Amino acid sequence: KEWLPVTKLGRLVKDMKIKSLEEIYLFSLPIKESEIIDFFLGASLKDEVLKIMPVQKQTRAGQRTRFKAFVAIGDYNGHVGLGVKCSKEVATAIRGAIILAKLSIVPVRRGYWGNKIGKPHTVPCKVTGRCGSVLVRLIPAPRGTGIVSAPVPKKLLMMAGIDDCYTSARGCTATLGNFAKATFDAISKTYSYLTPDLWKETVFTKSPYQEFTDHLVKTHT
Amino acid sequence: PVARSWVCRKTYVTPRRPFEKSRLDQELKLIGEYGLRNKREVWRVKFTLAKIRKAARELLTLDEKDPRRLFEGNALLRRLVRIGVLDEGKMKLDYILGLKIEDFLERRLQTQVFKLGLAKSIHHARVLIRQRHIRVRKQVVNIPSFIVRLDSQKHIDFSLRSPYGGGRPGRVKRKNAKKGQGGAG
Amino acid sequence: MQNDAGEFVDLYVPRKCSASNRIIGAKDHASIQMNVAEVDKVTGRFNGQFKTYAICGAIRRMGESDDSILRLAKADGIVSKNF
Amino acid sequence: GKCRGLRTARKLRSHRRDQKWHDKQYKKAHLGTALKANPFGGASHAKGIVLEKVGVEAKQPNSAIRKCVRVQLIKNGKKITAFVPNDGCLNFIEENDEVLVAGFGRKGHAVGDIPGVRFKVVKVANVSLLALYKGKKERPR
RNA sequence: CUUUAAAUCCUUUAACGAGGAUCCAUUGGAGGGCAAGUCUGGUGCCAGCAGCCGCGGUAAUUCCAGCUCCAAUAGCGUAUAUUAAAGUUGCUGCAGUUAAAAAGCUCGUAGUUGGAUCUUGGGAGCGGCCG
């Protein structure tokens, strides 16, 4: 019932020395330990399962079927995630999908539509994401229009905190896993787009390794 | 060749998806909260709000320092103020898009009678509108689909032809008194 | 990101690549924050402050990272002019 | 497009006309032979008389004999095979009776598991089959 | 009473007019799409259901009937033309090696398209180079 860290990241976030995961995003630190999100993100995080798809092998002695679980995670004002797990037992499939969805969590930013008033509500620019043949487009919308899409990017954008979108899907949309991965790749390219906002040459702060090496030289070996 | 009008429009619209959980549950929550008869009323209010939002978007797609855009935006702002849904603190064209369907449904006469303390229940308020009991500015209203304007809110009272606010007693009281007097004599 | 109230409503500011002038993503785990020490101005020691750079992943996939570090150290004031 | 100059329009109109004529549904909707081959002739419903009541077999994966009524039309005079929709409603339709024949829904095509029969029956002897099913009226003798 | 060339339409107003309101709210469905039962009896590839996949072969979450149930509800369902969905007519905005699809190749009249270059700069002055 008590979490024991393995890597230095878990020890640094457990010894109340790392303030938040914002500088973990800033320094692009590879997250691989599951409950960093559980220590940082509080009770606002919720979860819901998209689809369960059975896949079958073929053998001389019958066929073997294993569950494939798709899950979508994220608090309603903040970040998102996605997890694909394949196992024979459905409960282990859901548990592994939950763990992988807590692992792959990306930060997103929101812009305005025309007027720069209040809190941001929509995507800053036209972003896109592709995998297979699925092509998911995102267009910014005025405030209060609501997201106009299929039900699964509707629930993804409601756990993304973005209230206004316009979509344009192409290709075979009937594969739900590929479509979910395509809109996840579309929402993951929000920060990978240069704007005149981010034309400032940023300053360099102290790295967590460079400031906590005096602690981790004696904490664990 | 006849002297006829032939000017009719559809006020309610139907959504494309017939069966989805979120819209049906939210519309049912609105119906239960505000005492609506059916989903046609909330569809009508949603269509009016959508028309107002479309007019607001068609005004924000025009530039500033234009007389037509300024006149239409000012007139829309005065109308939205005068129907009592908005406050005078934030009176600008960009705040028109930040309105909800409960904001429009709060200015309904049924919810107003329920919230003024002159009615006990929401369904009782709807009955009291339909039972021809109250009046506004010496004029009775029998229709719950009424938008109460801001300058006429303190002039709501029971009608003079109603037994609740002073008038002739109803049919049940005289029938019961006549039955009791016939039984006694 | 700006606002009419003069407040930074953006939650965090990502860093910038010093060789491609791009934005480093959070999932891009090939980004390198090289630290380069400086020698003391008197004889040979280390002064104490740190001089750092940054680079994106696609440059290291293509390969032109050593030249980028060479020009950054040359224009910064580490490598001599003749080299 | 491919012809993308500033002063080319008639080539685009001719190519769009040819490629629209190469479509199938527009060719079915804009040629006289498809409307001529249709027995209804643009009519949603058509009345007719009954000459024989012969059932037909089903398709491969199911095995049933759903009985059908062969109805000669009045507006044209051609032999048309209809199909009684409901169960226990064959006995209401007898020989030389007046029926109303309408399609089933697949734009004038064979449907489900009945080969070669495309239309259905809604009324017989100026009363609907649903009234005879639900016991709301009676057959006029 | 009022209205109308007099009524019938509406409004107003005396007298009656509900407690199982019997003064009766109907129409398709309940495997998926698609909101809604592993309820109960009947025939058990027959009768049939089903727009598509399919459900019926002696324990049917689909056939025929009772209760419950879900949708708009004085309205609901079916047929047939038509539009959005259709980025399956693609001007915005399709595809042409393998899923349908580059003429055997070349010349060539109409048609479409077509390289660069020809006038810069200034001052008075509203001011702490320029709107």
# chains A, B, ... in the order shown; residues from 1 in each chain; ligands from 1
call {"tool": "interface_residues", "arguments": {"of": "chain C", "to": "chain A", "cutoff": "7 Å", "atoms": "only C-alpha atoms", "output": "count of residues only"}}
result
14
call {"tool": "residues_around", "arguments": {"residues": "range 49-55 of chain E", "least_positions_apart": "2", "cutoff": "10 Å", "atoms": "only C-alpha atoms (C1' of nucleotides)", "output": "list in words"}}
result
residues 61, 62, 86, 104, 105, 106, 111, 112 and 113 of chain D; 31, 32, 33, 60, 62 and 63 of chain E
call {"tool": "write_last_selection", "arguments": {"atoms": "C-alpha atoms (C1' of nucleotides)", "output": "PDB file, in the first residue's frame"}}
result
ATOM      1  CA  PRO D  61     -29.540 -19.245 -45.234  1.00  0.00           C
ATOM      2  CA  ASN D  62     -33.221 -19.428 -44.218  1.00  0.00           C
ATOM      3  CA  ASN D  86     -48.200  -9.664 -42.390  1.00  0.00           C
ATOM      4  CA  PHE D 104     -41.073  -1.968 -49.747  1.00  0.00           C
ATOM      5  CA  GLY D 105     -38.361   0.673 -49.361  1.00  0.00           C
ATOM      6  CA  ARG D 106     -35.214  -0.231 -51.313  1.00  0.00           C
ATOM      7  CA  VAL D 111     -34.978  -6.941 -50.666  1.00  0.00           C
ATOM      8  CA  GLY D 112     -34.160  -9.390 -47.884  1.00  0.00           C
ATOM      9  CA  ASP D 113     -34.761 -13.057 -48.675  1.00  0.00           C
TER      10      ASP D 113
ATOM     11  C1'   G E  31     -29.374  -8.288 -30.459  1.00  0.00           C
ATOM     12  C1'   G E  32     -26.327  -4.338 -32.832  1.00  0.00           C
ATOM     13  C1'   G E  33     -26.592   0.382 -35.222  1.00  0.00           C
ATOM     14  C1'   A E  60     -35.759 -17.633 -28.662  1.00  0.00           C
ATOM     15  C1'   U E  62     -35.979 -10.637 -32.264  1.00  0.00           C
ATOM     16  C1'   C E  63     -41.614 -15.101 -34.268  1.00  0.00           C
TER      17        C E  63
END
call {"tool": "interface_residues", "arguments": {"of": "chain E", "to": "chain A", "cutoff": "12 Å", "atoms": "only C-alpha atoms (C1' of nucleotides)", "output": "list in words"}}
result
residues 86, 87 and 94 of chain E
call {"tool": "write_last_selection", "arguments": {"atoms": "N, CA and C atoms (P, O5', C5', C4', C3', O3' and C1' of nucleotides)", "output": "PDB file, in the first residue's frame"}}
result
ATOM      1  P     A E  86     -19.739  12.669 -44.810  1.00  0.00           P
ATOM      2  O5'   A E  86     -19.964  13.010 -46.349  1.00  0.00           O
ATOM      3  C5'   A E  86     -19.192  12.368 -47.358  1.00  0.00           C
ATOM      4  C4'   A E  86     -19.307  13.067 -48.691  1.00  0.00           C
ATOM      5  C3'   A E  86     -20.206  14.302 -48.713  1.00  0.00           C
ATOM      6  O3'   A E  86     -19.689  15.242 -49.653  1.00  0.00           O
ATOM      7  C1'   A E  86     -21.027  12.704 -50.241  1.00  0.00           C
ATOM      8  P     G E  87     -18.615  16.346 -49.195  1.00  0.00           P
ATOM      9  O5'   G E  87     -17.211  15.711 -49.601  1.00  0.00           O
ATOM     10  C5'   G E  87     -17.028  15.089 -50.870  1.00  0.00           C
ATOM     11  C4'   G E  87     -15.714  14.346 -50.971  1.00  0.00           C
ATOM     12  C3'   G E  87     -15.479  13.251 -49.932  1.00  0.00           C
ATOM     13  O3'   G E  87     -14.803  12.154 -50.546  1.00  0.00           O
ATOM     14  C1'   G E  87     -13.732  14.852 -49.815  1.00  0.00           C
ATOM     15  P     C E  94      -8.643  17.750 -55.207  1.00  0.00           P
ATOM     16  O5'   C E  94      -8.928  16.187 -55.080  1.00  0.00           O
ATOM     17  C5'   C E  94      -9.299  15.624 -53.831  1.00  0.00           C
ATOM     18  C4'   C E  94      -9.725  14.182 -53.953  1.00  0.00           C
ATOM     19  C3'   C E  94      -8.740  13.243 -54.629  1.00  0.00           C
ATOM     20  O3'   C E  94      -7.687  12.832 -53.775  1.00  0.00           O
ATOM     21  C1'   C E  94     -10.920  12.844 -55.463  1.00  0.00           C
TER      22        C E  94
END
call {"tool": "select_by_dssp", "arguments": {"residues": "chain C", "states": "strand (DSSP E or B)", "output": "PDB file with C-alpha atoms, in the first residue's frame"}}
result
ATOM      1  CA  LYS C  16      13.472  26.680 -27.694  1.00  0.00           C
ATOM      2  CA  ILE C  23       9.824  24.235 -29.949  1.00  0.00           C
ATOM      3  CA  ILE C  32      19.704  17.397 -25.301  1.00  0.00           C
ATOM      4  CA  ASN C  35      26.129  21.921 -20.198  1.00  0.00           C
ATOM      5  CA  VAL C  36      29.542  23.412 -21.020  1.00  0.00           C
ATOM      6  CA  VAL C  39      37.661  27.991 -17.648  1.00  0.00           C
ATOM      7  CA  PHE C  46      36.270  26.588 -12.966  1.00  0.00           C
ATOM      8  CA  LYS C  51      26.908  27.813 -19.834  1.00  0.00           C
ATOM      9  CA  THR C  52      24.219  25.670 -21.442  1.00  0.00           C
ATOM     10  CA  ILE C  55      19.105  20.975 -29.464  1.00  0.00           C
TER      11      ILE C  55
END
call {"tool": "atom_distance", "arguments": {"atom1": "CA of residue 79 in chain D", "atom2": "CA of residue 39 in chain D"}}
result
9.5 Å
call {"tool": "interface_residues", "arguments": {"of": "chain A", "to": "chain B", "cutoff": "8 Å", "atoms": "only C-alpha atoms", "output": "compact mmCIF listing (two decimals) with N, CA, C and O atoms, in the first residue's frame"}}
result
# COMPACT_ATOMS: atom_id res chain seq x y z
N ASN A 115 -11.14 37.60 -30.01
CA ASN A 115 -10.97 38.49 -28.88
C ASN A 115 -10.25 37.77 -27.74
O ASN A 115 -10.56 36.62 -27.42
N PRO A 142 -15.76 29.89 -32.30
CA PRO A 142 -16.13 30.92 -31.32
C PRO A 142 -16.66 30.31 -30.03
O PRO A 142 -17.07 29.15 -29.97
N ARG A 143 -16.65 31.14 -28.98
CA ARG A 143 -16.96 30.68 -27.63
C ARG A 143 -18.43 30.34 -27.48
O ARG A 143 -19.30 31.13 -27.86
N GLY A 144 -18.71 29.17 -26.92
CA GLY A 144 -20.07 28.74 -26.65
C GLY A 144 -20.72 27.93 -27.75
O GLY A 144 -21.87 27.49 -27.57
call {"tool": "atom_distance", "arguments": {"atom1": "CA of residue 52 in chain D", "atom2": "CA of residue 70 in chain D"}}
result
5.6 Å
